[PDB]
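Enquirer: Build the 3D model from these lines:
(chains A, B, C, D, E, F and G, ligands or ions: 1)
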Amino acid sequence: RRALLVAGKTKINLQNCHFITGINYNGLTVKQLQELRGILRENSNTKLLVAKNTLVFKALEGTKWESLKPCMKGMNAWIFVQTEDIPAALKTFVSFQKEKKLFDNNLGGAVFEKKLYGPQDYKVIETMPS
Amino acid sequence: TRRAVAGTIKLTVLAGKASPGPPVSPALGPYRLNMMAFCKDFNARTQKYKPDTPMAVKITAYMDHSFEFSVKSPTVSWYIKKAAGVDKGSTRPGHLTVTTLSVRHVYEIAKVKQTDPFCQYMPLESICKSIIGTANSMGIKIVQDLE
Amino acid sequence: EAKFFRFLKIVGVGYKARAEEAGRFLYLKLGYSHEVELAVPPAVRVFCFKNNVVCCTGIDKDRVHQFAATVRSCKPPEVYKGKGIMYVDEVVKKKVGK
Amino acid sequence: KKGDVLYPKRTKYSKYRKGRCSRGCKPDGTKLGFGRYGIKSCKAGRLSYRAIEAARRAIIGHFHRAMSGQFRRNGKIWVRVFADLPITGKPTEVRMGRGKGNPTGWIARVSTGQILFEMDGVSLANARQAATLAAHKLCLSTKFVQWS
Amino acid sequence: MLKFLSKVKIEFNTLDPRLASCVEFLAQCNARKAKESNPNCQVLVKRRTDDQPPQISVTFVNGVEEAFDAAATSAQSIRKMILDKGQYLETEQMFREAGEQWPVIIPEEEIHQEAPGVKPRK
Amino acid sequence: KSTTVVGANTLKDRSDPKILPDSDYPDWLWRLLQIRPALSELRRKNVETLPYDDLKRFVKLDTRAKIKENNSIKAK
Amino acid sequence: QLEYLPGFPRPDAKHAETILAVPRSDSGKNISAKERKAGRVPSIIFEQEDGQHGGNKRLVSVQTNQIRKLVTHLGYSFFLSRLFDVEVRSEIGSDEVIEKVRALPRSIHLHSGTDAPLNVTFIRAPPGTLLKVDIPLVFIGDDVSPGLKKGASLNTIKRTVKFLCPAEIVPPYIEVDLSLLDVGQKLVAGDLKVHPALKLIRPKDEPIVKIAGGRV
Ligand SMILES: [Mg+2]
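Expert: Numbering: from 1, shown residues only, chains lettered A, B, ... in the order given. The structure is reproduced below:
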C-alpha cells in the first residue's frame, strides 16, 4: 500500500521533471525540513520527498532516469523539480546553507540529460542563466 | 545550536502586562530561569498590539540561561470562543451544544493563524480543517450558513 | 600473555582491597572484625588500583569469569545504599528505606 | 429464574431418581441460537445452579469493567442451561434406611455439545476473555464457539 | 561511542556504489549524542572523483593509527572493532598509570595445571 | 453581533474585521462539511482506481485504526 | 435473463476451488469410521428429479483437509450458499474422471464436541434448476446510523434468510445498509435488495433487525 503511495508520489512528480537530486538530511529536524520544503515550494517550482531507496530504484526503471543507480545510498531526501530554471533552483540551496549555517547537509548527486555530474560539476551550471 | 537543550516550557501572558511575579514566578523559577531580560524582550515587542490579550509564548530553557523564543498568536480556543459567545465549554462535547459558527469566522481565523512563525507554508484548507477539528472538541456546532 | 580481563568496583565507607604476593593472593576488608583472604587460582592474576578497583586478569576465560564472580559473591550490593562489591558497568537500582 | 439463583418455583414431585449423566451428545451438531459468540461444553456431566450463577456473574462483571457508559449494557447474555433437578442428602450420624433424605440443592444435566452461554453486543476479544474467566468456575471442559 | 578517538579521516568516491558503509559511519559519527561526548575530537571528510577506494583511517589518544576496509566491512563492524581496540588501550593505560608493567605475562602452562575451587577464608 | 466578529483582530491601530458576503471568498469554504467517507466504504473498493486524496485518507485512517487496535488489545 | 445484475455481489475467485472425490462402495458406520480413520469425509451426490428411488445417487468420499479448510475460510453459512465444482475420479492421482458436475453443498455435519466434519452432502445444480437456499446477511453502515450514534444497542433478530433461488444467480450474501435507521425502527424481510427472480419463502412482515433505545 505504501509502495503504491510512493509510486503515485513519484508518478505525479515525474510528469514535468527535468533534473533530480538527493540531499543528505543528517541532523536536520522536522521544522527545518519543513522550512526547506517551503522555501523550495513557494520560491521555486520544486517538490521534496523522502522515500525508500529501493522503491525509487524500482519506480525509475524503464525510464530515462536509469543512470542514477550509484547515487542512492544512505540518507536521501529526493528533490524533484518540475521546472527548467536551474540557477534559481540551485541558488536557493546556497541561500539556505549560508543563512542557516548547515555544512553537514550537501547535494550528493544529480541527473541531467543521461549524466551524473559531480557535486563540483553542477556548480558552474547554476551560473549560466537562460 | 550546540547547547544541550534542557526543556521547552510554554505559557500565556496578557499583552503589555509582563510584570514578573503572578505568572512569571514559580513557573520560570522551577527551571532556574531569569525574569528580567525575558520580560524586557517580551515588552519590547507587544507595543503595537491590543492589551489584555492572552499571547502565547513558548520559551526554550537552557543550562546557560539563554532565551531563544518565538511569539505565537493567542489560542484557537480563545479565538473560536470569543468570536462566538460564552467562553464555557460543554459538559459533553460532540453531543451537547453551546454556540454555532458557519463558515466565515473559522476561515479568517485560519488567515490569522497563518501568521504563526512556522506556519508560512501550511495551506488554508489544512488550517481550516484543523480548526474544524478543534471546534468539534468543545461542543460548538458548525453549519453551512447561520440565519 | 593475558587476553581476558574483568574489572570490579568496591563501594563502601572503609571497604578496602589489597594484593599480597605477586598478584596471586587477594585480601579484602569488608567491615568485619577479620579480613577475607582468597587465593587466586592458576592462569589468573589480580591487581588493585587507586579508585577501589580490582582487576582480574588472565588467560582462561572460564577461570577469569568464575573468579570475578567469586570475589563478587563475598559481598553483593545492598539495595538501600549500594554498599558492597559490584561490577564496573553494572547498574544497581536503589529503593528508599522507610 | 428467581433473580440470580435459578431453580423452579414448584415441581410435580419433591424427590427424583438419580439417573445417569455421563453419556449423551447432540446427534446433529450445535449452532448458536441467539448470540454471536458463546460457550459450549465438550464433555458431559452435572453443573450446580451456584456454579452457573457464578459463571454468569463473572461474565457480566467482566463486561461491566471493560465497557462503561451507554455501552455498559450493550453486552447481552443468554443463559441457555437451566437447573431443574433437585438433589437430596442425609445428615451426619444417621443410619442407612428410613426413607429418602431432604433436598439440598439443584443441578443441571449437561450433554456433549450443549451450549451453556451465549454473548452478543461486545468485542471478540472481550467475549473470548469472558469465556476464559467463566470456564474457571465450571467443573466441565468448555470451548468458545463463534457464529459462522 | 565517541570517547576514545582523536581524529577520524573518512575518504570516498561519491559516484562509486560502495559508499553505503562509509556514509553509514558518517551517520554514526556525526550524531548529536556523539559530538557532545568529545568536543575536542576532529572529523575529516574528503571527497574525490578518482578511484581511490573508500577508507576509514582513525587515530586514538595514544598515537595509534588504524586503517579499516570501509569498502567491504560495515560501519557497525567498524564501530565494534574500534571499541574492542579502545578498551584494550584503556586497560593498558590504567595499568601503566599505576606502576604495573605492560603487557603482563602469565606462563602458558598453568592451563594444564589443576585448580580447586576458590572458597573464601578468614 | 451577527454582522461583525468580536475580538478577532488584535492590532491596536486597526479594529476587528467585518463579515463580507459570498463575493470575496473562494470556492472551497462551503465544501467544508461534505461527507468525507469512512473506512467501511474505502476498504472494499479498488485502491488502484482511487484518487490521491481518497487514498491518502485511506492510508491515514488505516494507520489510526491499526494503532487503536494495538492499544486496545495490548493494554492491561 | 439469468445473470447477476450490476450493483450485486458475486462469488469470489479466491475460494473457487474444485472438490476431488473417489467412489465409496457402501453405507454404514463401519465404512464411515474406516474412511474417517483413513482421512476422508463420507459424502453423497444426488439430484432432485426423483426423490423416491434414491435420486441417481453416487456415494463418494472427499478430503478432510480440503473440506475443513473450506469451512474455516468461508464460514459455516457462507459455504452453504455457494456453488462448487465437483470432480469424481476413480483414484487419487488417476486421470479416469468419472463425473465433473456443478453442485451445491446441501448440508455439512460437524461434530458437536470436536467440530471435525463427519458428512458432506452435494446436490446437482446445473443451470435451470431451482433450490431452497439459506443466504446469510451482512450488516453494514453501523458507523453512520444516528440511532447507534445516540447510544442505542443493536438487536439482530435474524441472521439468515431462506429463499427460492435459481442456480445461476444464488447470492453469496445480502448487504443490509444501516445508514438511515434511528431509534425505534426495524427492517422487515421485504426490504432486502435481491434479484427480482428470487421468491421469498417466509412472509414479508417478519422483522430482521430493530434498533431499541438505551437505558436512560
Ligand atoms: Mg446399513
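Enquirer: tally of neighbours for residue A:74?
Expert: Residue A:74 has 19 neighbours, counted by other Cβ atoms under 10 Å in any protein chain shown. For the C-beta atoms, the positions are set from N, CA and C on the backbone; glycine is no exception.
Enquirer: meant to ask about residue B:68, not that
Expert: For residue B:68, using other Cβ under 10 Å, the count is 11.
Enquirer: ok now do it, which residues does it touch?
Expert: Contact partners of residue B:68, counting by Cβ atoms under 8 Å, 6 or more residues apart in numbering or on different chains, are B:60, B:62.
Enquirer: and if we set it to 7 Å?
Expert: residue B:60 (Cβ atoms under 7 Å, 6 or more residues apart in numbering or on different chains).
Enquirer: What strand or helix carries it?
Expert: For residue B:68, there is no helix or strand it lies in under DSSP states H and E.
Enquirer: do you know how far it is from chain E?
Expert: Distance, residue B:68 to chain E, using Cβ to the nearest Cβ, to the nearest Å: 17 Å.
Enquirer: what's the single longest helix in chain F?
Expert: Identified as the longest helix of chain F according to DSSP state H is helix F:52-73.
Enquirer: That one near chain A at all?
Expert: Yes - residues of helix F:52-73 contacting chain A under Cβ under 7 Å from any Cβ of the partner chain: F:52, F:59.
Enquirer: Quick one: the helices in chain C, in order.
Expert: In chain C, the helices defined using DSSP H lie at C:61-72.
Enquirer: what ranges do the strands span in it?
Expert: C:4-11, C:16-19, C:25-29, C:36-39, C:44-49, C:53-58, C:84-87 (DSSP state E).
Enquirer: most packed of the ones you listed?
Expert: strand C:53-58 (a mean of 22; mean count of other Cβ atoms under 10 Å in any protein chain shown).
Enquirer: For chain F, which residues are neighbours of chain A?
Expert: F:47, F:52, F:59.
Enquirer: In contact with the second one, which residues?
Expert: By Cβ under 7 Å, 6+ apart, the residues touching residue F:52 are residue A:8.
Enquirer: how far away is it from residue F:65?
Expert: 20 Å (Cβ to Cβ, to the nearest Å).
Enquirer: buried ones in the longest helix of chain F?
Expert: F:55, F:57-58, F:61 (16 or more other Cβ atoms under 10 Å in any protein chain shown).
Enquirer: Closest to chain D out of these?
Expert: Using Cβ to the nearest Cβ, residue F:61 comes nearest to chain D of these, at 19.2 Å.
Enquirer: all strands for chain B, in order.
Expert: Using DSSP E, strands in chain B cover B:7-14, B:54-61, B:70-72, B:100-101, B:141-142.
Enquirer: got a list of contacts for the first one?
Expert: If you take Cβ under 7 Å, 6+ apart as the criterion, strand B:7-14 is touched by B:23, B:27, B:31, B:51-61.
Enquirer: Direction included, what does it pair against?
Expert: strand B:54-61 (antiparallel) (DSSP bridges).
Enquirer: try the fourth one
Expert: Using DSSP bridges, the strands paired with strand B:100-101 in its sheet are strand B:141-142 (parallel).
Enquirer: what's the answer for the third one, then?
Expert: Based on DSSP bridges, the strands next to strand B:70-72 in the sheet, each with its direction, are strand B:54-61 (antiparallel).
Enquirer: For chain E, just list every one of the helices.
Expert: For chain E, the helices defined by DSSP H cover E:20-29, E:32-35, E:75-97.
Enquirer: Kindly report the same for chain B.
Expert: Under DSSP H, chain B gives helices at B:37-43, B:76-82, B:104-113, B:124-135.
Enquirer: Show me where chain A has its strands.
Expert: A:19-23, A:46-49, A:77-81, A:107-111, A:116-117.
Enquirer: ugh, wrong one, chain D
Expert: Under DSSP E, chain D gives strands at D:37-41, D:45-48, D:76-79, D:85-89, D:102-110, D:115-120, D:142-146.
Enquirer: ok, back up a step: mind giving me TSV with the strands of chain B and columns for distance to residue D:120 and mean neighbour count?
Expert: As requested, those are arranged in TSV below (distance: least, Cβ to Cβ, whole Å; neighbours: other Cβ atoms under 10 Å in any protein chain shown):
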stretch	distance to residue D:120	mean neighbour count
strand B:7-14	48	14
strand B:54-61	49	17
strand B:70-72	50	15
strand B:100-101	39	16
strand B:141-142	35	16
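Enquirer: To residue D:22, which of the ones you listed lies closest?
Expert: Closest to residue D:22 of the strands of chain B is strand B:141-142 (Cβ to Cβ; 66.2 Å).
Enquirer: burial of residue 92, as a residue count?
Expert: No chain specified, so I'll use chain A. 16.
Enquirer: Can you look at chain D instead?
Expert: For residue D:92, the count of nearby residues is 4 (other Cβ under 10 Å).
Enquirer: Out of the strands of chain A, flag the one nearest residue B:80.
Expert: Closest of the strands of chain A to residue B:80 is strand A:46-49, at 32.2 Å (criterion: Cβ to Cβ).
Enquirer: need the contact list for the closest residue to residue E:108 other than its chain neighbours.
Expert: Residue nearest to residue E:108 in three dimensions, not counting chain neighbours: residue C:59, with 6.7 Å by Cβ to Cβ, 6 or more residues apart in numbering or on different chains. With contacts defined as Cβ under 7 Å, 6+ apart, the neighbours of residue C:59 are C:2-4, C:43, E:106, E:108, E:111.
Enquirer: about what we covered before: point out the most buried one among the helices of chain E.
Expert: helix E:20-29 (a mean of 20).
Enquirer: what residues does that helix touch?
Expert: Helix E:20-29 is touched from outside by A:26, A:73-75, E:1-2, E:8, E:10, E:12, E:43, E:54, E:56, E:70, E:73-75, E:78-79, with contacts defined as Cβ under 7 Å, 6+ apart.
Enquirer: List buried members of those by neighbour count.
Expert: A:73-75, E:2, E:8, E:10, E:12, E:43, E:54, E:56, E:70, E:75, E:78.
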